[PDB]
Amino acid sequence: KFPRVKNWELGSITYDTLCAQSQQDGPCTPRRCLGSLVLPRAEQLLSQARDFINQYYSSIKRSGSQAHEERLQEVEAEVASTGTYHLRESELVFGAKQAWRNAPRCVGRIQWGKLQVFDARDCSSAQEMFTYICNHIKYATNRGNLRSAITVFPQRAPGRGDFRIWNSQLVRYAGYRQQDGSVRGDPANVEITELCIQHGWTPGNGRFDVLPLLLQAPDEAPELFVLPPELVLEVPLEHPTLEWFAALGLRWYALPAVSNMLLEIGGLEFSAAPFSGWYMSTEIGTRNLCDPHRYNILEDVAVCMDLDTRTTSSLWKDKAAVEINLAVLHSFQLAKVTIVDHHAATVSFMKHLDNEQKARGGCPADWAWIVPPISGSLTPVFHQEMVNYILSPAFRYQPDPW
Amino acid sequence: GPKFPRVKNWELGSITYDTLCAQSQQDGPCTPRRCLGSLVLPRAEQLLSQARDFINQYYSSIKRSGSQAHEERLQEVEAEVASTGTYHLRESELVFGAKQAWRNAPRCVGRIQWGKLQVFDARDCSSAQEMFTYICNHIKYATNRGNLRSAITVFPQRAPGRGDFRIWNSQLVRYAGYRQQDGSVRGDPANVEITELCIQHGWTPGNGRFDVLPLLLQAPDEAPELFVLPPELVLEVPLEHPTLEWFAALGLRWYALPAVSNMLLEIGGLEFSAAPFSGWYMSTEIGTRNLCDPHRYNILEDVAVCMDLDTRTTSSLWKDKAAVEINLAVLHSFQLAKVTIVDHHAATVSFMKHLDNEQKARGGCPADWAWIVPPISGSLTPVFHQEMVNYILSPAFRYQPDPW
Ligand code: HEM
Ligand code: HEM
Ligand SMILES: C[C@H](O)[C@H](O)[C@H]1CNc2nc(N)[nH]c(=O)c2N1
Ligand SMILES: C[C@H](O)[C@H](O)[C@H]1CNc2nc(N)[nH]c(=O)c2N1
Ligand SMILES: N=C(NCCC[C@H](N)CNCCN)N[N+](=O)[O-]
Ligand SMILES: N=C(NCCC[C@H](N)CNCCN)N[N+](=O)[O-]
Ligand SMILES: [Zn+2]
């Protein structure tokens with residue numbers, strides 16, 4: 001019943017008793033494990049709310065207290081008569097941080113405590129969303145000294161279109177599928193770059209053309225919005241020793257802000273709640289620039305290092321990959337922008353597992369996503385067994401609005 | 001769509017459904033509540049259903065399901081379990097099971113060679129001295145002067161009441177782990193327990209980083225005898241870098257033949273407590289885990305220093321850079337010495353081919369993602385992008401408790 005988690009580098013041992021608090025099922029069954037899969041293939045609400053309200057009041061050391069009880073009646077009352085209810089600013093703030101804390105695939109949770117929350121639940125239009133979104137960016141970016149933040153737009157409502165941000169991230173480079181089927185720019189954004197054009201956007205022809213934001217207000221065709229060039233900070237990549245690297249003209253935005261995930265708190269669902277902290281070097285240097293289905297610049301950088309790309313055993317792949325990540329870490333450091341390498345990042349996650357072991361008796365984590373895409377076993381997390389389960393508040397994936 | 005797990009390859013965008021899992025009879029460690037996929041070691045009536053299941057697998061394997069021989073064999077097996085409690089496997093039934101167990105091994109990335117396994121039957125073996133001969137024979141054949149060949153030696157099965165045949169060492173070839181006065185460990189920390197055991201048993205311990213441990217062989221109802229391997233049979237490879245001349249001066253070395261020897265081979269209900277197998281190494285096994293693990297040889301920081309890297313800050317990727325060189329060294333050194341080895345890129349590419357083949361053959365392939373993706377350059381290999389379903393199919397290889 002209670003998993004025995006072992007760290008094979010130290011010999012440590014713990015017992016995750018927190019997974020017992022999981023109220024929702026995962027993809028695995030005793031017959032088979034599907035943990036490596038990326039996507040998952042009134043009384044009810046009242047329970048998720050009653051449970052969440054409790055979590056909130058225990059959080060501020062006041063369970064049972066008058067306030068706690070009177071707040072439970074308010075929720076009972078609202079749900080019973082309208083089928084739904086709403087959250088108080090502070091409860092929203094507690095829920096947002098909890099959702100981050102429970103994010104099994106996030107390696108930056110050591111920071112879960114410092115999260116600037118913006119209540120944008122009084123939004124009426126895409127125009128208004130664009131403003132809120134622009135302020136989130138100015139704040140988050142804070143002149144290169146990034147600060148983690150989230151902006152929560154109106155929750156979803158029965159028989160009413162969800163507020164949505166069609167973009168995957170508030171900042172993404174366009175992907176133009178050219179004549180020969182190949183792609184110009186970011187191949188992961190081919191589809192979204194098209195929808196923008198379909199809605200009247202003057203496409204560029206560059207490899208890093210910052211896409212416009214397609215914001216959608218309830219039951220209404222989305223609206224195109226261009227982001228003020230200065231709000232979007234970008235770092236030009238160069239190598240600390242390879243003078244020719246800079247030539248490649250590689251660059252990347254500084255603000256990783258997810259905008260297509262749904263935030264569920266006490267039964268409520270927020271379909272537009274973009275959040276951002278800061279990048280882990282490998283996200284940019286290993287996955288965005290080296291995935292075969294992304295910019296795939298591995299071979300380029302290799303012929304540039306005069307590497308024997310003739311065969312796999314010469315490890316030209318691993319060699320080129322390490323330089324690219326080193327270039328990212330250098331550039332950001334130079335540009336004076338927050339970034340965290342996978343070594344510093346995972347040692348901090350180990351700390352996190354510790355703090356959480358004491359504080360809640362466990363920490364849900366997706367091993368396949370916590371271990372960096374490169375140098376895996378060279379980081380402490382690789383040798384750490386982990387348990388993965390769904391806790392609420394939580395960030396979830398949701399269908400594309402088209 | 002189909003009511004079987006849906007599998008996607010995020011690189012090529014291709015989809016497939018695994019229907020082979022419906023075949024699994026042994027439950028795993030996960031439940032809808034929590035996934036324990038990252039855990040390394042998660043904790044007659046029936047002997048017949050298992051044997052029956054295997055015989056069927058055998059006969060279909062040769063395309064004679066329902067035939068006379070098949071139905072007659074099923075009778076034979078029941079008749080034997082009915083009057084003795086157990087039963088024996090025919091020569092060819094064993095070769096089939098041994099290969100099927102490999103083919104079903106979720107953590108092996110080298111499955112593409114599964115059909116190319118040399119099965120040495122040794123179920124006649126009766127003495128520990130005899131176990132030593134077989135093993136020595138196995139190492140001779142498998143090493144084959146560097147041109148390694150997959151092989152497995154099957155010793156007598158667990159008999160009711162009677163003691164199991166067992167090999168105490170985790171591998172037929174391992175380096176001694178000497179616990180020091182000052183607390184450290186000279187050699188391979190992994191094998192400290194087995195060295196303290198070889199000594200409690202009469203071995204005269206050496207004092208190096210690469211002392212080849214002696215074999216502790218255990219015949220039914222007897223303390224293990226201590227046998228030391230003839231240096232001639234244990235092929236080793238001195239490691240040296242192709243452009244870092246000083247690397248060769250570290251005195252780092254590794255053996256050619258990787259031979260798991262403490263794993264249980266389960267075929268049709270029967271259990272073979274001693275059935276050592278071997279293939280050949282994937283460069284990262286040596287160059288990243290054995291030599292760079294914090295709890296193994298731990299040579300990362302040393303080699304890092306020799307490269308003039310800044311070991312002061314993690315942000316220099318000094319670990320990343322050194323690991324890459326240590327691996328290029330294992331590959332270079334193995335190639336030079338004309339010893340068989342495969343790198344993680346080549347290895348994983350063939351596993352992709354294996355999955356594709358297995359798709360058409362059985363409708364799926366059980367794989368442990370965390371174990372298939374290499375300890376380094378993970379997303380640079382195609383497996384990283386392949387979703388995988390993991391489950392237990394029999395025949396199989398299972399971890400088994402230490403005999404002590
Ligand atoms: C402050 C520094 C932060 C860092 C370094 C960080 C790093 C990461 C990394 C590397 C991943 C995996 C990304 C990928 O491979 O696609 C991740 C996933 C995630 N992070 Fe964080 N994170 C941070 C802050 C945040 C914040 C502010 C939130 C929420 C309030 C958050 C929520 C999540 C979620 C929900 C996921 C999983 C997304 C998915 O399933 O695709 N992270 N984070
Ligand atoms: C032919 C070349 C082969 C290659 C390159 C190969 C490679 C691998 C690798 C890289 C591992 C994981 C090592 C580790 O992380 O400790 C592994 C695990 C495994 N292999 Fe293979 N293998 C081969 C042959 C064999 C043979 C001949 C068998 C059995 C007949 C086999 C059975 C297994 C099993 C049971 C595991 C999992 C063992 C465990 O849980 O520790 N492999 N193999
Ligand atoms: C198929 C496999 O689950 C997939 O490629 C996962 C592996 N680990 C990952 N880890 C992180 N951080 N991010 C990812 O997108 C992935 N992709
Ligand atoms: C804790 C975690 O399960 C452990 O470090 C696993 C991860 N993947 C692995 N993969 C292989 N091939 N071999 C291993 O020993 C491991 N160790
Ligand atoms: N570093 C962060 N990374 C998350 C963004 C990357 C992707 N949008 C995650 N979802 C898609 C991956 N299949 N987040 N952050 O807040 O810092
Ligand atoms: N490549 C092979 N590797 C076997 C190594 C497996 C180790 N005995 C077990 N891992 C250590 C503890 N989890 N085998 N082979 O036959 O090629
Ligand atoms: Zn699982």
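Letters A, B, ... mirror the listed sequences (proteins, then strands); counts begin at 1. All values below were derived from every heavy atom in this structure, side-chain atoms included, with hydrogens, water molecules and symmetry-related copies excluded.
B/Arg33 places no side-chain N or O within donor-acceptor distance of the main-chain N or O of A/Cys19, the cut-off being under 3.5 Å. In this structure, the side chain of A/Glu385 engages the main chain of B/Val40 through a donor-acceptor pair within 3.5 Å. Remark: the backbone N or O of B/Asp320 is not paired with any side-chain donor or acceptor of A/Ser375 at under 3.5 angstrom.
When all heavy atoms are compared, the tightest approach of B/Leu380 to A/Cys290 is CD2-CB, 4.2 Å. Across every non-hydrogen atom of B/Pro5 and A/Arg41, the tightest pair is C-NH1, 4.1 Å. Counting all heavy atoms, side chain and backbone alike, A/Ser313 lies closest to B/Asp343 at CB-OD1, 3.7 Å. When every heavy atom of A/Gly35 is checked against every heavy atom of B/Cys35, the shortest pair comes out as CA-SG, 4.1 Å.
Of the two parts of B/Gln25, neither the backbone nor the side chain holds a non-hydrogen atom closer than 4.5 Å to a non-hydrogen atom of chain A. Interface remark: B/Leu328 contributes backbone and side-chain atoms alike to the contact with chain A (heavy atom separation under 4.5 Å). Both the backbone and the side chain of B/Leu41 come within contact range of chain A, judged by heavy atoms closer than 4.5 Å. Both the backbone and the side chain of B/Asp27 come within contact range of chain A, with heavy atoms under 4.5 Å apart. Contacts of A/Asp16 with chain B are absent, with no heavy-atom separation under 4.5 Å from either backbone or side chain. Heavy atoms closer than 4.5 Å to chain A are found nowhere in B/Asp368, neither backbone nor side chain. Both the backbone and the side chain of B/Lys319 come within less than 4.5 Å of a heavy atom of chain A. Residue contact with chain B, scored on non-hydrogen atoms closer than 4.5 Å, involves the backbone of A/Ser314 exclusively. When heavy atoms are compared at a cutoff of 4.5 Å, B/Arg289 approaches chain A solely by way of its side chain, counted from C-beta outward. Within the 4.5 angstrom heavy-atom criterion, no atom of B/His332 approaches chain A. For chain B, the nearby part of A/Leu298 is the side chain; its heavy atoms alone come within less than 4.5 Å.
The shortest distance between side-chain heavy atoms of B/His385 and A/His293 falls below 4.5 Å. Contact annotation: the side chain of B/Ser24 never approaches that of A/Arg32 to less than 4.5 Å [non-hydrogen atoms, C-beta and beyond].
For the set A/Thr29, A/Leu315, A/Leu37, the count of heavy-atom pairs under 4.5 angstrom toward chain B peaks at A/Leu37. Considering only heavy-atom pairs separated by less than 4.5 Å from chain A, the leading option among B/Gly13, B/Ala367, B/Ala22, B/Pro366 is B/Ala22. Ranked by heavy-atom pairs under 4.5 Å with chain B, the first of A/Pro3, A/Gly376, A/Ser36 is A/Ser36.
Rounding to the nearest 0.5 Å places OG1 of B/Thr313 at 10.0 Å from NE2 of A/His343. Atoms CG and CH2, on A/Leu34 and B/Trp369 in that order, are 14.5 Å from each other to the nearest 0.5 Å.
More than 12 heavy atoms of other residues, nucleotides or ligands shown are found within 6.0 angstrom of OH on B/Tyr17. Taking a 6.0 Å sphere around CZ of B/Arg312, one finds it holds 12 or fewer heavy atoms contributed by other residues, nucleotides or ligands. More than 12 heavy atoms of other residues, nucleotides or ligands sit less than 6.0 Å from atom CD of B/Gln50. Taking a 6.0 Å sphere around CD of A/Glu299, one finds it holds 12 or fewer heavy atoms contributed by other residues, nucleotides or ligands.
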